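Only one chain is shown below, in structure tokens, and it's the form deposited in one PDB entry.
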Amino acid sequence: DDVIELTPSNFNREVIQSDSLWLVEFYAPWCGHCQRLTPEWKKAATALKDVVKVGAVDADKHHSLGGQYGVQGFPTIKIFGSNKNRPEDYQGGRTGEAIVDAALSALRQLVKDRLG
């Protein structure tokens, strides 16, 4: 698939040091809504290929990464825009269509930030 697996080891290099818009899903493998989100997350990652980076963190395994970003419930989706130290929460529907729309909106902001 087109989803990037993120871990404590590669998160800084892949996300924090990136000029790209990133969407990151923090999940647990046992979580039902995480399981349901998986094929939709994949669909959004493929639609956004080479436009927005789409990653996932097993925040049950890497609970330190989850704790750093204040992950409570699963799945938690964070949008990392211009300032990679200030991710925002995506709390819209967990469908490819809703996710892509939020991604394109955040992408607009990222590009406006660059332009200005």
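Numbers for residues come from their place in the sequence shown, where the first is 1.
Checked against the record, the higher mean CA B factor of 26-34 and 67-75 lies with 67-75. Higher mean CA temperature factor, per the PDB entry, when comparing 55-63 with 76-84: 55-63.
Among the modelled residues of its chain, residue 17 has a C-alpha B-factor that falls in the highest third according to the deposited record. Among the modelled residues of its chain, residue 110 has a C-alpha B-factor that falls in the middle third, as given in the PDB entry.
Quick note: we don't show the form deposited with a partner chain bound, though the next part is all about it.
When you look in the deposited complex, the only residue of 61, 33, 84, 42 with a non-hydrogen atom within 4.5 Å of its partner chain is 33. In the deposited complex, its partner chain sits within 4.5 Å of a heavy atom of residue 75.
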